[PDB]
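Chemist: no FASTA, just this:
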Ligand SMILES: *[C@@H]1O[C@H](CO[C@H]2O[C@@H](C)[C@@H](O)[C@@H](O)[C@@H]2O)[C@@H](O[C@@H]2O[C@H](CO)[C@@H](O[C@@H]3O[C@H](CO)[C@@H](O)[C@H](O)[C@@H]3O)[C@H](O)[C@H]2NC(C)=O)[C@H](O)[C@H]1NC(C)=O
Ligand SMILES: *[C@@H]1O[C@H](CO[C@H]2O[C@@H](C)[C@@H](O)[C@@H](O)[C@@H]2O)[C@@H](O[C@@H]2O[C@H](CO)[C@@H](O[C@@H]3O[C@H](CO)[C@@H](O)[C@H](O)[C@@H]3O)[C@H](O)[C@H]2NC(C)=O)[C@H](O)[C@H]1NC(C)=O
Ligand SMILES: *[C@@H]1O[C@H](CO[C@H]2O[C@@H](C)[C@@H](O)[C@@H](O)[C@@H]2O)[C@@H](O[C@@H]2O[C@H](CO)[C@@H](O[C@@H]3O[C@H](CO)[C@@H](O)[C@H](O)[C@@H]3O)[C@H](O)[C@H]2NC(C)=O)[C@H](O)[C@H]1NC(C)=O
Ligand SMILES: *[C@@H]1O[C@H](CO[C@H]2O[C@@H](C)[C@@H](O)[C@@H](O)[C@@H]2O)[C@@H](O[C@@H]2O[C@H](CO)[C@@H](O[C@@H]3O[C@H](CO)[C@@H](O)[C@H](O)[C@@H]3O)[C@H](O)[C@H]2NC(C)=O)[C@H](O)[C@H]1NC(C)=O
Ligand SMILES: *[C@@H]1O[C@H](CO)[C@@H](O[C@@H]2O[C@H](CO)[C@@H](O)[C@H](O)[C@H]2NC(C)=O)[C@H](O)[C@H]1NC(C)=O
Ligand SMILES: *[C@@H]1O[C@H](CO)[C@@H](O[C@@H]2O[C@H](CO)[C@@H](O)[C@H](O)[C@H]2NC(C)=O)[C@H](O)[C@H]1NC(C)=O
Ligand SMILES: *[C@@H]1O[C@H](CO)[C@@H](O[C@@H]2O[C@H](CO)[C@@H](O)[C@H](O)[C@H]2NC(C)=O)[C@H](O)[C@H]1NC(C)=O
Ligand SMILES: *[C@@H]1O[C@H](CO)[C@@H](O[C@@H]2O[C@H](CO)[C@@H](O)[C@H](O)[C@H]2NC(C)=O)[C@H](O)[C@H]1NC(C)=O
Ligand SMILES: *[C@@H]1O[C@H](CO)[C@@H](O[C@@H]2O[C@H](CO)[C@@H](O)[C@H](O)[C@H]2NC(C)=O)[C@H](O)[C@H]1NC(C)=O
Ligand SMILES: *[C@@H]1O[C@H](CO)[C@@H](O[C@@H]2O[C@H](CO)[C@@H](O)[C@H](O)[C@H]2NC(C)=O)[C@H](O)[C@H]1NC(C)=O
Ligand SMILES: *[C@@H]1O[C@H](CO)[C@@H](O[C@@H]2O[C@H](CO)[C@@H](O)[C@H](O)[C@H]2NC(C)=O)[C@H](O)[C@H]1NC(C)=O
Ligand SMILES: CC(=O)N[C@H]1[C@H]([C@H](O)[C@H](O)CO)OC(C(=O)O)=C[C@@H]1O
Ligand SMILES: CC(=O)N[C@H]1[C@H]([C@H](O)[C@H](O)CO)OC(C(=O)O)=C[C@@H]1O
Ligand SMILES: CC(=O)N[C@H]1[C@H]([C@H](O)[C@H](O)CO)OC(C(=O)O)=C[C@@H]1O
Ligand SMILES: CC(=O)N[C@H]1[C@H]([C@H](O)[C@H](O)CO)OC(C(=O)O)=C[C@@H]1O
Ligand SMILES: [Ca+2]
Ligand SMILES: [Ca+2]
Ligand SMILES: [Ca+2]
Ligand SMILES: [Ca+2]
């Protein structure tokens, strides 16, 4: 095998086409399925897999009660083929309550994180074996992307932050070759809070769109340079804006430089990705909760501040159904490289209260240069049928 | 690997021999099994698989209730090895409430269809990745074969129709190379309604036998020419006739040209396939409902209109057991290429009412140039034992 | 790959060593497991598998009730790796209520039999595809070995009989190359009833020890000559005798030529195999029922009639636990070829009556030229814990 | 492939990083999972597996009651990929109530032991087939390591003992090449009881740290010489000491030569491993029961008697949670070979009494030359939620 350099143009995409649904919440009411969250999907050169941090339990289990917590000693990274739900035959690739994974073209690499919030460690496992690790540098919930990392020429760059959720933090960009941390560069530029980045290649670099959980409603952009470990950060120009809580279509702004300070605190993992001076983006249709999910292209949203002229919108999940996190993922074609995205349809505690567990299921679309139609592909689980 | 051209004579078949049964409805009363329908089987060069559109649920699940619907956002295409039932480890290859699959000799290709009836999209997934897509052209339930598509020299031809179930429609024949739609030809000839074709190679072409859900009791024939995308359509000559509702053996006709207008409206997917001027065919023994299933050769049924002299009949399912859809599938031998067929034994709502779910199981026979006996291989599930 | 000729001496074996147990009946009371019977084990060149005709159902299923029948349309041949029990992920290789399987060194071959007793067909499936078939020649339960067939230089010889269980029958020896019946030779010699042979190679031939269900307590020997399809049949010399019902140690005889007429009617599949003029053999310790199972070498039992001087006995299953069928199976070593055997530990209806189902589990030993100890490895399932 | 010689320096390790957790006890309350104990983990050249002697049953099974016994005819060696729990699809590699496994670089080798305590046999299975066996030499519970054996240049050396648990015994060191016992050397040196050794390579030799169940609180060291089958035995120098019952930190000693006679009787499998004159070691934090588990380096603990100056301690399991057995396991890197360890978190009967079963789950760490943090990764199963 050869390492992937991802060099070949991004494919011109008309919009997205349905690609895979898993129905985990539906089946759980008739089969032992894992209780998960913060899922993501990524692919080796031959096929795609689906990851998700489980809750060290199945759904029809007493231990499911109160899984409305992001951090416990039992969350491990699950990894199945795209399409096969997380049943009991599913493998727990490592102990992790925060992860990332990518395949350098030769082998997989997972960065799994567990430990006390105050002093967690992050194991760098490469090709089966545990190759390196690192401890918390700011002693405050060392966390990573929660989606696919990216590698070019044998070097995978994952980004991680440690510090305050709603205040200054410490974002570092890691360069790991074959499981070994060959370099660490610190965040630079104008971004004011970087949590869980959705990253993709843009030869010869990697580009991220993340979550400002402190003062931003607009999304931080984080540009990595693999040539010299340089970093730069900004915000997306679109006045449309894709974080939740969001402000409002008429009343939302972004100058491409600073956290718009409009309902900035709190967030949700999401993604976006350029195209010329355009921006393909996605977001929960709601600006208060995570419900429904539409996507659209913002003409001039990658280069002109406060641009709000959209075209090509699509409803993936209807406005009155639950949405959640979401992230990009690239797949390579015979001629270019398409961008795809998944969306975590979360169920259970918080909104729903008939139950005490919290899990989710997924749905995944992929860019297409062709024609497509209309639909809404929600979780589809009658909450009254469900256990607990 | 090399692409398949399927060139080598059709094997002379004496009748069919049993090949695989799955017992899904039986096991479901003692194990988490999927709720499926519209199944089909097809094979890569080394082994055969079994497909079926699931109902985004298992049978002993509350979500099973009311799965007497062909279209919901949760139907995804399931794919297992021939013989292994659709258990929870089963992979959902894509979101689809109407599909087709074939393997060009190098990789699999699935055409999965979901969306609103009024505006559905059809994703063309090839070798793991989503390579193309298309939207509904007549805005009325864009649907496809529901059985194996066929490829020769790297080009797979799937046929699809969109329009009225019981009235004029819009049938198009798609030519896709490596997931890419390289051409679309429209239906031509005398056929008056083409739904869910059962197709097979006949180097250098592909031949289909489908369902006329409007004015035909006789079956439409659809002949594709891969050399120049030309199309032709007719009807099977046999006065025997294989659609249901069917007329009656004494009172059924077909001139090989026009929908016999005998109880034409409604139908069921089925198959048939020539041999010289003969026709190997199959059908539910009932002409009112889908019950029992016999097969036979109609001497002169491929060339002489209203020919009803049969020979070699076989009962696969006895007259007083449930039948359903059915389709062909070719497998290549050391010297020729055999034709096989499956039969969807459907259970649950509509006929049976003790329950609220609807699923099925399969059974599959294969042409044999040898000797064989007698039997009936029905679903075999005591409906009173079954959940709900 | 190359076809196997099995040429290399039989290994000198001191006795048997434990090789694999599956615990199916135990687990069934805490997990969806198949209801099977007439199991057997065999191996491709890299690893061993376990086969068994299921009963188209799992054990904790209402459909399990009354599975005390050898013939129904739903029995299919199950095939797992040696050690993994028949769970729902298990593949049903074909429809069969009587089978055999062997691997010519290049691919597997299964001969599966189903149909009406009066007119059954036997499908010859080779390397995934259905290559041939045959109908019942005597119209009375066409049945086969129920254990591994053997191939040398690409030719697999399976034996089959059709006729009366307790009266004259019609035994034929089949020669199949790559799924194709290249020749049929009829039984010859002095054997008077041949049912379910346990066969093994003895380059350049194949040798069988079977069941005389009519007039024999002693076992028929069936010698196949691959060089010219010649056949010969006799009986084992040992006055010890290994069929059940058996007579008694003091009062049992065999002249190596004719069915000893001592409690001949009825039987059970078993095995034995020579070594010089010696005979390694196995049998239920009981001569009335199938209970317990011991093995021993009979010095001079392969060449001298009514020889009863044994040595090396071993208890595999203690006298007061259930036994059942059993058969040989050869595995090739770096220098010779060892013989192994399995034993069907059957539970449920007939003897046990707390339940209505009937299934079994297995245990398998293998010849060893080394030291060994003592034990008894019964099913071990508290019948009162078990469902139904 | 080539046989492994393991030649390349031991990696300098800063401490351990989390590597894999399985959550078996948690899931068992919501899914059919095996009842196991005495687990271990080991790896072929591409990936790691997890082994464990099951109890011929699943946890939510009546047959689980009273599995507080180390020896019954149904314990078989289970083998899954590291991370996938022992579900019903799990393979039982052989019948065994005491085992060991290693992969010579070309194929796996398992030494499985079952039989009467008084006269057990030990099957040596190599590469699928049963290659050799041996009987009990002292007629008193022939038992082996219960963790990974090690091979260099095609020769695997497993050690086994037979005799009195709390009195003189008979320890033998076995040299097996490709499943064949090519030599047996007897224990030599000053060790006074060797049970269940944790062994690892130290080219050109193998080194073991075991359990003195008779007069030692300190651990026996067993040094094997592959060059000439020579053996030597001693005790670890650290005055810290790692057996349980242990004495006390202030009041515990070891002169590197003789069983310290401090609470020597009884024990638990554990491990340790040098580094210069240092000793990386692990142990239940309790010295009375198996609870909690910490690890630390004892400066000068490999060369100076009664050395108790520790550094780098880590809590893997907190003091008030259940611990159990534990063992080493080596994995090879691009430059050196890291040492890892697992820890059996046991639940059920003895301590816990709400239930009648006894099983466990695991957690596994691996040496790291990098940074790490803090945590405790216990079983995490609410015993009141659990079945029985
Ligand atoms: C799900 O979770 C909660 C809390 O669960 C944890 O409980 C502790 C003890 C530990 O075992 C841990 O493993 C569990 O995960 C459970 O909540 C309790 O439910 C009862 C419901 O009646 C509440 O009783 C209260 O008192 C009287 C009646 O007794 C009423 O007047 C009150 O209105 C109220 O109902 C109790 O307060 C709950 N406790 C808490 C902290 O909320 C819950 O039952 C558990 N079970 C399920 C099925 O989800
Ligand atoms: C299976 O399906 C139907 C409808 O299911 C859907 O129900 C809605 C509310 C939603 O939650 C969706 O997720 C479900 O899938 C259920 O049918 C109802 O069954 C009761 C049976 O007694 C009917 O009650 C009626 O009223 C009185 C008694 O109350 C009698 O005199 C009447 O004769 C009659 O029984 C009720 O009409 C049903 N509703 C409909 C629309 O038919 C069904 O219960 C459900 N359950 C199962 C096990 O299949
Ligand atoms: C297991 O099998 C038998 C027969 O099963 C088949 O039944 C037919 C109807 C069909 O549905 C098929 O799918 C089944 O597999 C069942 O046997 C019956 O059990 C009851 C037990 O009380 C018997 O009742 C009798 O009558 C009175 C009490 O009603 C008593 O005085 C008698 O002594 C006797 O108990 C009945 O005769 C049984 N029928 C037969 C033919 O034996 C069985 O119940 C079924 N169930 C289970 C759990 O195994
Ligand atoms: C788990 O195990 C024990 C023993 O199990 C074995 O039992 C034998 C018969 C066999 O079938 C084998 O397969 C089993 O594995 C069971 O212990 C019994 O439990 C009852 C509880 O009430 C005890 O009754 C006693 O008598 C009176 C009430 O009857 C009271 O005053 C006493 O205090 C006491 O409770 C009985 O002694 C137990 N027997 C023993 C030897 O301890 C246990 O029930 C079983 N079940 C479960 C769920 O774990
Ligand atoms: C990724 O690797 C390739 C190696 O082939 C790099 O490209 C070559 O590297 C040097 C730098 O100019 C020269 O040997 C070749 O002219 C380069 N070009 C090609 C087409 O190989 C490539 O630049 C690397 N990418 C990064 C971002 O470092
Ligand atoms: C269809 O594919 C097969 C396999 O590639 C081709 O087989 C060749 O057949 C030609 C004559 O048609 C012979 O000259 C070659 O020796 C065969 N090659 C192989 C690999 O068997 C076949 O050519 C193709 N069919 C056609 C009509 O071109
Ligand atoms: C499928 O592919 C084969 C390629 O080998 C086609 O046959 C060859 O193609 C041209 C057309 O005459 C010439 O190179 C050879 O003489 C052809 N014959 C053979 C045997 O290869 C074959 O016709 C193609 N089939 C179709 C339907 O296009
Ligand atoms: C049976 O198969 C084996 C493997 O193909 C054959 O092994 C050869 O044996 C001959 C002598 O019989 C030697 O000359 C070769 O060096 C061996 N080849 C291999 C691959 O090991 C063996 O020939 C076959 N047996 C017979 C009797 O022909
Ligand atoms: C199985 O195949 C081998 C082929 O190698 C047969 O042996 C050879 O076949 C002929 C017959 O004498 C000659 O080419 C060689 O001298 C044979 N010997 C060897 C060692 O190859 C072998 O006899 C075949 N076995 C049977 C039973 O037909
Ligand atoms: C152990 O195995 C490795 C792999 O086979 C051997 O690696 C070779 O090492 C020698 C020096 O020891 C070099 O000359 C070769 O270039 C290496 N070969 C490979 C494949 O890497 C190593 O020789 C073996 N160790 C010893 C001590 O012999
Ligand atoms: C393991 O195998 C290697 C084989 O390469 C042994 O090393 C070689 O063996 C002899 C002994 O000196 C000579 O052929 C080479 O000089 C050795 N050195 C190397 C680097 O290959 C090695 O010693 C073996 N190890 C043991 C413990 O026997
Ligand atoms: C490492 C971690 O805890 N991630 C969690 C994230 C985090 O709390 C936030 O980033 C504040 O910094 O919030 C949420 C959430 O409910 O959406 C889930 C994540 O698991
Ligand atoms: C795409 C689709 O809906 N196919 C459905 C088919 C369809 O309704 C008919 O072709 C009218 O055009 O009918 C049936 C049916 O009950 O046999 C099932 C199919 O799922
Ligand atoms: C094909 C078939 O029915 N085989 C059956 C065998 C048969 O009845 C006998 O060989 C009479 O000829 O008997 C038994 C039996 O209870 O041991 C089980 C077998 O399934
Ligand atoms: C072969 C065997 O029985 N091993 C057992 C071991 C043994 O009893 C001791 O070594 C005395 O010699 O004790 C324990 C134990 O409770 O920790 C479990 C082991 O299964
Ligand atoms: Ca925000
Ligand atoms: Ca019709
Ligand atoms: Ca007899
Ligand atoms: Ca001790």
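Modeler: Okay, I see it. Residues are numbered from 1 along each chain as shown, chains lettered A, B, ... in the order given. Ligands and ions are numbered 1, 2, ... in the order given.
Chemist: what sits against residue A:311?
Modeler: Residue A:311 makes contact with A:296, A:297, A:299, according to C-beta atoms under 8 Å, 6 or more residues apart in numbering or on different chains. Any C-beta I mention is one placed from the backbone N, CA and C, and that applies to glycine too.
Chemist: go on, residue A:162?
Modeler: Residue A:162 neighbours (C-beta under 8 Å, 6+ apart): A:136, A:137, A:138, A:139, A:140, A:141, A:142, A:143, A:169, A:170, A:172.
Chemist: from residue D:323, how far off is the residue in the stretch 251-388 of chain A that ligand 12 sits nearest to?
Modeler: Taking C-beta to the nearest ligand atom, ligand 12 has its nearest neighbour within the stretch 251-388 of chain A at residue A:268, 6.0 Å off. Counting by C-beta to C-beta, to the nearest Å, the separation of residue A:268 from residue D:323 is 40 Å.
Chemist: now residue A:366
Modeler: 48 Å.
Chemist: which of these two has more neighbours?
Modeler: The neighbour comparison of residue A:366 against residue D:323 (other C-beta atoms under 10 Å in any protein chain shown) goes to residue D:323, with 30 against 25.
Chemist: just give the nearest non-adjacent residue to residue A:1, would you?
Modeler: Leaving out its chain neighbours, the residue that sits closest to residue A:1 by C-beta to C-beta, 6 or more residues apart in numbering or on different chains is residue A:106, at 4.7 Å.
Chemist: strands along the stretch 201-350 of chain A, start to end?
Modeler: Counting by DSSP state E, counting those that start in this stretch, the stretch 201-350 of chain A has strands at residues A:205-211, A:220-225, A:231-235, A:272-275, A:278-283, A:291-299, A:309-322, A:326-332, A:337-343, A:345-348.
Chemist: let's have those strands in a markdown table, adding distance to ligand 14.
Modeler: Converted to a markdown table, these look like this (distance: least, C-beta to the nearest ligand atom, whole Å):
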| stretch | distance to ligand 14 |
| --- | --- |
| strand A:205-211 | 64 |
| strand A:220-225 | 67 |
| strand A:231-235 | 72 |
| strand A:272-275 | 63 |
| strand A:278-283 | 60 |
| strand A:291-299 | 57 |
| strand A:309-322 | 54 |
| strand A:326-332 | 52 |
| strand A:337-343 | 51 |
| strand A:345-348 | 49 |
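Chemist: show me how to select, in ChimeraX, the buried members of the contacts of residue A:311.
Modeler: Here is the ChimeraX selection string for the buried members of these, based on 16 or more other C-beta atoms under 10 Å in any protein chain shown:
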select /A:296,297,299
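Chemist: wasn't residue A:25 part of a strand?
Modeler: No - assessed by DSSP: H, G, I helix; E, B strand; the rest coil, residue A:25 does not belong to a strand; its assignment is helix.
Chemist: what distance do you get for it to chain D?
Modeler: In this structure, residue A:25 and chain D are 15 Å apart, going by C-beta to the nearest C-beta, to the nearest Å.
Chemist: tell me, how many residues neighbour that residue?
Modeler: Residue A:25 has 26 neighbours, counted by other C-beta under 10 Å.
Chemist: spatially nearest residue to it, not counting backbone neighbours?
Modeler: Residue A:25 sits nearest to residue A:381 (C-beta to C-beta, 6+ apart), 4.1 Å away.
Chemist: my guess is that neighbour meets residue A:347, correct?
Modeler: Yes - using C-beta atoms under 8 Å, residue A:381 makes contact with residue A:347 at a distance of 6.3 Å.
Chemist: any residues in contact with both of those two?
Modeler: A:25, A:361.
Chemist: SS state for residue A:63?
Modeler: Residue A:63 is classified as helix under three-state DSSP.
Chemist: what's the separation between it and residue D:349?
Modeler: 20 Å.
Chemist: comparing those two, which shows the higher neighbour count?
Modeler: residue A:63 (26 against 19).
Chemist: wait, isn't the more buried one in contact with residue D:386?
Modeler: No - counting by C-beta under 8 Å, no contact exists between residue A:63 and residue D:386, whose distance comes to 9.1 Å.
Chemist: shared neighbours of the two, anything?
Modeler: Each of residue D:29 lies in contact with both residue A:63 and residue D:386 under the rule C-beta under 8 Å, 6+ apart.
Chemist: what comes up buried for stretch A:355-375?
Modeler: Residues A:355-373, A:375 are the ones in stretch A:355-375 that count as buried (16+ other C-beta under 10 Å).
Chemist: excluding its backbone neighbours, what's nearest the residue in the stretch 251-388 of chain A that ligand 15 sits nearest to?
Modeler: Relative to ligand 15, the nearest point of the stretch 251-388 of chain A is residue A:357 (35.6 Å; C-beta to the nearest ligand atom). Leaving out its chain neighbours, the residue that sits closest to residue A:357 by C-beta to C-beta, 6+ apart is residue A:64, at 3.8 Å.
Chemist: now do the same contact list for the one you found.
Modeler: Here residue A:64 is in contact with A:35, A:55, A:57, A:58, A:356, A:357, A:359, A:387, A:388, D:30 (C-beta under 8 Å, 6+ apart).
Chemist: pretty sure residue A:61 sits against residue D:25.
Modeler: No - between residue A:61 and residue D:25 there is no contact under C-beta under 8 Å: 11.1 Å.
Chemist: ok, residue A:93 - contacts?
Modeler: Each residue near residue A:93 by C-beta under 8 Å, 6+ apart is listed here: A:51, A:76, A:77, A:78, A:79, A:110, A:112, A:125, D:20, D:83.
Chemist: got the phi/psi numbers for residue A:29?
Modeler: phi -80, psi 10 (degrees, to the nearest 10).
Chemist: turn the contacts of residue A:311 into CSV, including distance to residue A:70.
Modeler: Shown next, in CSV, are the contacts of residue A:311 (distance: C-beta to C-beta, whole Å):
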residue, distance to residue A:70
A:296, 30
A:297, 33
A:299, 37
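Chemist: tell me the one of the contacts of residue A:311 nearest ligand 19?
Modeler: residue A:296 (69.9 Å; C-beta to the ion).
Chemist: now that closest one, which residues is it bridged with?
Modeler: In this entry, residue A:296 is beta-bridged to residue A:281, by DSSP bridges.
Chemist: just checking, it touches residue A:308?
Modeler: No - Residue A:296 lies out of contact with residue A:308 (C-beta under 8 Å); the separation is 10.7 Å.
Chemist: coming back round to it: distance to ligand 4 for the contacts of residue A:311 - can I get that in TSV?
Modeler: Formatted as TSV, the contacts of residue A:311 follow (distance: C-beta to the nearest ligand atom, whole Å):
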residue	distance to ligand 4
A:296	60
A:297	63
A:299	69
